[PDB]
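**Student:** Pasting a structure here, questions to come.
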Amino acid sequence: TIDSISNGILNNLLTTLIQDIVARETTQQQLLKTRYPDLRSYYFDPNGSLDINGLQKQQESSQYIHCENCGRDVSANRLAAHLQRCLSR
Amino acid sequence: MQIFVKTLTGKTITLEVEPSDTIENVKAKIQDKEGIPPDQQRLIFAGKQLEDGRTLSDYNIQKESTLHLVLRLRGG
Amino acid sequence: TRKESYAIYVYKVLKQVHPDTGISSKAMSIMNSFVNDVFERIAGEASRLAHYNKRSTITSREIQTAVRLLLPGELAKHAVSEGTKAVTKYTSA
Amino acid sequence: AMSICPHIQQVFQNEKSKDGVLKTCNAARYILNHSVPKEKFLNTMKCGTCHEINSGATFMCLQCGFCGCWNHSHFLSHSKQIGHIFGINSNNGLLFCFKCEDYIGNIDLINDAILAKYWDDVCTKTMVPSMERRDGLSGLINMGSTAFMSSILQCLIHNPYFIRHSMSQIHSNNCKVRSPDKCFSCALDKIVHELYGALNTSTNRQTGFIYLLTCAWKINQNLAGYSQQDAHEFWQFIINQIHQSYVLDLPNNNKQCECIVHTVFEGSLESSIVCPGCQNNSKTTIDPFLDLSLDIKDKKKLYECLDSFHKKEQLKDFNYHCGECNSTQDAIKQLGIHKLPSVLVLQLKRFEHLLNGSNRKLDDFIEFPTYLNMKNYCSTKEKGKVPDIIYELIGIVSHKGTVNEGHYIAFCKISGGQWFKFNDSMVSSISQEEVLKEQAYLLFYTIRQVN
Amino acid sequence: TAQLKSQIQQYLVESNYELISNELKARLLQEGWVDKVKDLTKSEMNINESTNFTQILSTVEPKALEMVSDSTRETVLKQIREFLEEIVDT
Ligand SMILES: [Zn+2]
Ligand SMILES: [Zn+2]
Ligand SMILES: [Zn+2]
Ligand SMILES: [Zn+2]
Ligand SMILES: [Zn+2]
Ligand SMILES: [Zn+2]
Ligand SMILES: [Zn+2]
């Protein structure tokens with residue numbers, strides 16, 4: 001019947017799309033797991049505190065950067081000021 | 001020639017200008033209409049901000065073209 | 001008893017700017033003086049600004065225009081930027 | 001201990017059989033990239049047995065010309081009856097082994113089979129991405145007031161057109177200056193290098209960003225990160241500089257620029273001028289655009305803002321005399337889309353100007369959709385209606401603070417559908433629903449479906 | 001005979017299939033069903049600690065079929081049916 005053929009058409013469309021999507025998902029995850037045997041998911045923190053490696057925000061100004069210009073090491077959160085004083089040659 | 005400017009609210013205003021008119025002059029006209037200083041104005045055309053000292057013709061700006069006006073949102 | 005001093009924060013900053021570089025006790029002492037002094041100069045002139053503008057409260061706006069009075073152009077400007085920057089940083093976080 | 005299909009290993013034990021296979025896969029994929037829809041329906045989605053179209057997935061046989069359906073087990077029947085255990089899914093080109101009952105997705109050679117001829121060399125010179133770098137995820141520390149920059153950069157860092165450009169070595173291959181302390185694109189390629197690969201051979205992965213900052217200082221110190229600035233202005237400035245670098249690397253009547261920006265981001269608005277009496281006309285002006293700026297007052301939804309944007313306006317300060325109705329008139333102006341970009345960038349105008357000369361931030365939440373339909377905004381009808389035109393949200397920049405002072409943050413979506421928040425040095429996992437609850441300032445949309 | 005069905009389908013192909021497929025895709029995409037199915041897939045992959053396509057599909061397909069909104073279902077069916085009353089005799 002018309003009703004039946006229409007149901008079959010819709011089923012055809014849905015099963016085609018589903019099989020495509022699922023095949024793509026399974027192939028991608030298979031690839032990721034095979035390439036990277038020790039694979040870990042990026043961390044999700046419900047508390048909104050930890051990064052994708054499950055770490056908190058690092059202490060600045062505890063970190064420093066070595067400015068290749070002039071040969072001076074400069075605390076990173078003060079780097080721009082240095083460049084304003086350094087690039088002004 | 002007449003050109004247009006689409007303001008923050010979406011309202012469009014009209015200016016009478018020449019191709020050789022400077023961005024400063026246009027901004028002055030905008031100041032004269034809206035009461036906003038030129039230093040607060042950002043004038044956009046074709047994906048570029050229009051720069052003082054240049055002319056409309058430098059940017060191939062023609063009659064009844066529309067410029068888009070915005071402000072600045074500073075974040076550091 | 002406790003004699004307070006800015007020797008540690010200043011050291012810190014020295015390390016920020018010259019990590020392989022040390023400061024003598026006396027240099028430090030001097031610095032600490034400069035700090036107390038500028039503290040008074042600022043605080044005082046701010047107090048004056050408050051008083052002068054019939055206002056019961058000192059906000060960083062006061063400290064700003066203060067900076068614009070004490071300091072010459074570029075110094076003032078930079079100091080201002082640095083400040084409202086660290087203010088923003090405190091606000092957001 | 002995940003296994004690999006032993007049947008393809010078996011075939012691959014013989015070099016010429018392997019070559020036949022890879023040749024056929026390559027040929028098939030070329031066909032898939034070069035066949036019109038109807039031919040595809042009739043010749044790759046038609047079951048060889050029942051002759052139905054789309055009887056579930058249809059599979060094209062690796063060893064013969066037969067196509068077979070899933071629903072009636074007809075490929076399954078080809079496999080049982082002829083002994084051909086490998087078939088290709090006509091929706092994705094992926095190769096199925098009917099003995100394992102699983103797809104082969106984890107063989108690098110198969111995924112990149114077009115390089116099979118040079119595969120040995122490919123394996124000697126290069127390695128797969130490191131786990132840490134594979135998604136290019138790393139934070140960029142605040143080096144002063146750089147939030148307006150990095151927030152912009154992460155959406156660029158996750159843009160497929162840009163990543164395709166950069167990883168293709170186009171600037172590197174063609175740069176006449178070939179120095180990242182002068183060339184913005186070389187520096188960018190270095191960034192990509194630092195984030196996805198490894199420099200030869202803790203402070204990690206900051207070199208490219210520092211080069212970019214140095215270039216920026218050299219062209220405009222004010223926009224170089226010391227002071228707070230506007231992210232949209234930085235966007236237009238940097239894309240213009242990139243465009244300028246494209247023009248620079250050229251060896252050579254062409255009004256439209258042919259650069260990467262103008263083949264991705266450039267569209268055109270149609271502005272019509274029509275007589276309110278005759279309502280026929282019209283005087284049409286075409287304006288290029290690289291992004292759209294929207295008013296938000298008294299609105300709650302992005303579609304409302306676009307509707308307002310697209311809404312007709314009557315000019316009251318334009319001198320206009322109609323020749324068709326022979327009278328002085330107040331003209332009607334309307335903006336619509338003449339041409340859409342591949343990637344659509346939106347700025348919400350989250351500010352207003354007061355009579356006392358001060359400005360105020362608009363913190364109003366504006367709802368924005370995960371998928372955006374542009375059909376109501378296209379100027380030109382076909383022999384009419386305009387078809388569905390849908391974009392996918394891929395990027396968000398948000399601001400916290402006031403008009404004159406604040407902070408930018410970025411949100412980016414990656415594969416599998418997961419969202420991450422990029423806050424300077426901190427990259428974190430975030431749900432879609434919360435991103436969708438954010439106060440959006442900038443939005444990045446990639447073209448997804450065009451009917 | 002049942003060659004008739006295949007014949008009719010061939011006609012359907014030569015003529016509109018794109019409009020249906022595209023409208024379906026747009027509807028399922030816009031209402032969030034596609035991403036729900038992605039999340040379901042990641043969840044099932046994580047629960048069964050497996051990327052084997054057959055076993056994952058065996059659990060995914062029925063539920064995914066149930067998840068199709070009634071609105072989209074009846075609208076797309078309605079549309080196909082609209083297209084069918086054109087080219088069959090009763
Ligand atoms: Zn330096
Ligand atoms: Zn069949
Ligand atoms: Zn065969
Ligand atoms: Zn097998
Ligand atoms: Zn270069
Ligand atoms: Zn171009
Ligand atoms: Zn008229």
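Identifiers for the structure tokens are assigned positionally: chains receive A, B, ... in sequence, residues are indexed from 1 per chain, and ligands are indexed from 1 in the order shown.
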Return as a PyMOL selection string the residues belonging to chain B that are within 12 Å of chain C, counting only C-alpha atoms.
**Tutor:** chain B and resi 74-76
**Student:** Using the selection just defined, write its residues with C-alpha atoms as a compact mmCIF listing (two decimals), in the first residue's frame.
**Tutor:**
```txt
# COMPACT_ATOMS: atom_id res chain seq x y z
CA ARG B 74 38.37 47.05 25.19
CA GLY B 75 39.65 43.87 26.79
CA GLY B 76 43.11 42.92 28.00
```
**Student:** Within 7 Å of chain D, which residues belong to chain B? Use only C-alpha atoms and report them as JSON, numbers by chain.
**Tutor:** {"B": [8, 9, 10, 13, 14, 36, 46, 47, 48, 72, 73, 74, 75, 76]}
**Student:** My list of candidates is A:49, A:41, A:16, A:26. Which is closest to chain D when distances are computed with only C-alpha atoms?
**Tutor:**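 Looking at the shortest contact to chain D, the residue is A:16.
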**Student:** Please write out the residues within 9 Å of ligand 3 as a PyMOL selection string, counting only C-alpha atoms and all ligand atoms.
**Tutor:** chain D and resi 60-67+75+78-79+82-87
**Student:** Which chain C residues are at most 12 Å from chain D (counting only C-alpha atoms), as a list in words?
**Tutor:** residues 77, 78, 79, 80, 81, 82, 83, 84, 85, 86, 87, 88, 89, 90, 91, 92 and 93 of chain C
**Student:** Skip residue 83 in chain A itself and residues of its chain fewer than 3 positions away, then list as JSON, numbers by chain all residues within 10 Å of it, counting only C-alpha atoms.
**Tutor:** {"A": [67, 69, 70, 74, 78, 79, 80, 86, 87, 88], "D": [213, 214, 217, 221, 224, 226]}
**Student:** Can you spit out the residues from that selection as a short mmCIF file (atom, residue, chain, number, x, y, z; two decimals), in the first residue's frame, using N, CA and C atoms?
**Tutor:**
```
data_model
loop_
_atom_site.label_atom_id
_atom_site.label_comp_id
_atom_site.auth_asym_id
_atom_site.auth_seq_id
_atom_site.Cartn_x
_atom_site.Cartn_y
_atom_site.Cartn_z
N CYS A 67 63.56 36.09 27.06
CA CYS A 67 63.35 36.98 25.93
C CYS A 67 64.58 36.80 25.06
N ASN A 69 65.34 38.54 22.72
CA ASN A 69 65.80 39.87 22.40
C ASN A 69 66.60 40.31 23.62
N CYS A 70 67.62 41.13 23.42
CA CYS A 70 68.54 41.59 24.48
C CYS A 70 69.11 40.53 25.44
N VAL A 74 62.46 37.55 31.35
CA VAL A 74 61.39 38.42 31.83
C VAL A 74 60.18 37.61 32.30
N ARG A 78 54.77 40.22 32.47
CA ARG A 78 55.34 41.54 32.35
C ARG A 78 56.12 41.62 31.05
N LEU A 79 55.91 40.64 30.17
CA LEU A 79 56.67 40.57 28.92
C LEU A 79 56.41 41.73 27.94
N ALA A 80 55.15 42.13 27.81
CA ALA A 80 54.77 43.18 26.87
C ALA A 80 55.43 44.51 27.19
N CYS A 86 62.10 47.25 24.94
CA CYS A 86 63.19 46.52 24.32
C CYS A 86 63.20 46.71 22.81
N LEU A 87 62.01 46.71 22.22
CA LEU A 87 61.87 46.85 20.77
C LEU A 87 62.04 48.30 20.32
N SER A 88 62.06 49.22 21.29
CA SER A 88 62.19 50.65 21.01
C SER A 88 63.57 51.09 20.54
N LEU D 213 53.54 38.66 18.08
CA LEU D 213 53.52 39.84 18.93
C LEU D 213 54.59 40.85 18.52
N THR D 214 55.73 40.34 18.05
CA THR D 214 56.83 41.22 17.65
C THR D 214 56.48 41.95 16.35
N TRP D 217 53.98 44.58 17.19
CA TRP D 217 54.63 45.75 17.78
C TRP D 217 55.19 46.60 16.64
N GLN D 221 52.19 49.34 17.61
CA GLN D 221 52.46 48.99 19.01
C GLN D 221 51.20 49.04 19.88
N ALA D 224 49.46 45.82 19.92
CA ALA D 224 50.47 44.76 20.04
C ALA D 224 50.38 44.00 21.35
N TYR D 226 50.01 45.46 24.69
CA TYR D 226 50.28 46.18 25.92
C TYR D 226 48.99 46.79 26.46
#
```
**Student:** Considering only C-alpha atoms, return as a ChimeraX atom specification whatever protein or nucleic-acid residues lie within 10 Å of range 26-29 of chain C, sequence-local ones (same chain, fewer than 6 positions apart) excluded.
**Tutor:** /C:5-8,10-11,35
**Student:** Compute the set of protein, DNA and RNA residues whose minimum atom distance to ligand 2 is at most 12 Å, using only C-alpha atoms and all ligand atoms, and state it as a PyMOL selection string.
**Tutor:** (chain A and resi 12) or (chain D and resi 45-59+66-78) or (chain E and resi 2-3+5-6)
**Student:** At a cut-off of 12 Å, list the chain A residues touching chain E, using only C-alpha atoms, as a PyMOL selection string.
**Tutor:** chain A and resi 1-34+40-41
**Student:** Just to be explicit: take each residue in the selection above, keep N, CA and C atoms, and write the result as a CSV table (one decimal), in the first residue's frame.
**Tutor:**
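For reference, out_6.csv as written:
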```csv
chain,number,residue,atom,x,y,z
A,1,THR,N,0.8,-1.2,0.0
A,1,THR,CA,0.0,0.0,0.0
A,1,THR,C,0.9,1.3,0.0
A,2,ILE,N,0.3,2.4,-0.5
A,2,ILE,CA,0.9,3.7,-0.4
A,2,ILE,C,1.5,4.0,1.0
A,3,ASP,N,0.7,3.7,2.0
A,3,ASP,CA,1.1,3.9,3.4
A,3,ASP,C,2.4,3.1,3.7
A,4,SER,N,2.3,1.8,3.2
A,4,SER,CA,3.4,0.9,3.4
A,4,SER,C,4.7,1.3,2.7
A,5,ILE,N,4.5,1.6,1.4
A,5,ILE,CA,5.7,2.1,0.6
A,5,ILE,C,6.3,3.3,1.2
A,6,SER,N,5.4,4.2,1.7
A,6,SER,CA,5.9,5.5,2.3
A,6,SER,C,6.7,5.2,3.6
A,7,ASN,N,6.2,4.3,4.4
A,7,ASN,CA,6.9,3.9,5.6
A,7,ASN,C,8.2,3.2,5.3
A,8,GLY,N,8.3,2.5,4.2
A,8,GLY,CA,9.5,1.9,3.7
A,8,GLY,C,10.5,2.9,3.2
A,9,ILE,N,10.0,3.9,2.6
A,9,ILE,CA,10.9,5.0,2.1
A,9,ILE,C,11.5,5.7,3.3
A,10,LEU,N,10.7,6.1,4.2
A,10,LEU,CA,11.2,6.8,5.4
A,10,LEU,C,12.2,5.9,6.2
A,11,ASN,N,11.9,4.6,6.3
A,11,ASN,CA,12.8,3.7,7.0
A,11,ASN,C,14.1,3.5,6.2
A,12,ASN,N,14.0,3.5,4.9
A,12,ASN,CA,15.2,3.5,4.1
A,12,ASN,C,16.1,4.6,4.3
A,13,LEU,N,15.5,5.8,4.4
A,13,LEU,CA,16.3,7.0,4.6
A,13,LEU,C,16.9,7.1,5.9
A,14,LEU,N,16.2,6.7,6.9
A,14,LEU,CA,16.6,6.8,8.3
A,14,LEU,C,17.7,5.7,8.5
A,15,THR,N,17.5,4.5,8.0
A,15,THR,CA,18.5,3.5,8.3
A,15,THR,C,19.8,3.8,7.5
A,16,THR,N,19.7,4.3,6.3
A,16,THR,CA,20.9,4.8,5.6
A,16,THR,C,21.7,5.8,6.3
A,17,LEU,N,21.0,6.9,6.8
A,17,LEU,CA,21.7,7.9,7.5
A,17,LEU,C,22.3,7.4,8.8
A,18,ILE,N,21.6,6.6,9.6
A,18,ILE,CA,22.0,6.0,10.8
A,18,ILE,C,23.3,5.2,10.6
A,19,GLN,N,23.2,4.3,9.6
A,19,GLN,CA,24.3,3.4,9.3
A,19,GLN,C,25.6,4.2,8.9
A,20,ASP,N,25.4,5.3,8.2
A,20,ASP,CA,26.5,6.1,7.8
A,20,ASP,C,27.1,6.8,9.1
A,21,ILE,N,26.3,7.4,9.9
A,21,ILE,CA,26.8,8.1,11.1
A,21,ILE,C,27.5,7.2,12.0
A,22,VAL,N,26.9,6.0,12.3
A,22,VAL,CA,27.5,5.0,13.2
A,22,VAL,C,28.8,4.5,12.7
A,23,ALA,N,28.8,4.2,11.4
A,23,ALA,CA,30.1,3.7,10.8
A,23,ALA,C,31.2,4.8,10.9
A,24,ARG,N,30.8,6.0,10.8
A,24,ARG,CA,31.8,7.1,11.0
A,24,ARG,C,32.3,7.2,12.4
A,25,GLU,N,31.4,7.1,13.4
A,25,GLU,CA,31.8,7.1,14.8
A,25,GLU,C,32.7,6.0,15.2
A,26,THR,N,32.3,4.8,14.7
A,26,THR,CA,33.0,3.6,15.2
A,26,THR,C,34.4,3.6,14.5
A,27,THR,N,34.5,4.0,13.3
A,27,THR,CA,35.8,4.0,12.6
A,27,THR,C,36.7,5.1,13.3
A,28,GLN,N,36.1,6.2,13.6
A,28,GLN,CA,37.0,7.3,14.3
A,28,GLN,C,37.5,6.9,15.6
A,29,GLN,N,36.6,6.2,16.4
A,29,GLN,CA,37.0,5.9,17.8
A,29,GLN,C,38.0,4.7,17.8
A,30,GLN,N,37.7,3.7,16.8
A,30,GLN,CA,38.6,2.6,16.6
A,30,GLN,C,40.0,3.2,16.3
A,31,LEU,N,40.1,4.2,15.4
A,31,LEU,CA,41.3,4.8,15.0
A,31,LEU,C,42.0,5.4,16.2
A,32,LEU,N,41.3,6.2,17.0
A,32,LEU,CA,41.9,6.9,18.1
A,32,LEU,C,42.4,5.9,19.1
A,33,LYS,N,41.7,4.9,19.4
A,33,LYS,CA,42.1,3.9,20.4
A,33,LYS,C,43.3,3.0,19.9
A,34,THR,N,43.3,2.7,18.6
A,34,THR,CA,44.4,2.0,18.1
A,34,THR,C,45.7,2.8,18.0
A,40,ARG,N,43.7,8.7,27.0
A,40,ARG,CA,42.8,9.1,28.1
A,40,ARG,C,42.0,10.3,27.6
A,41,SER,N,40.7,10.4,28.0
A,41,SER,CA,39.8,11.4,27.6
A,41,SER,C,40.3,12.7,28.2
```
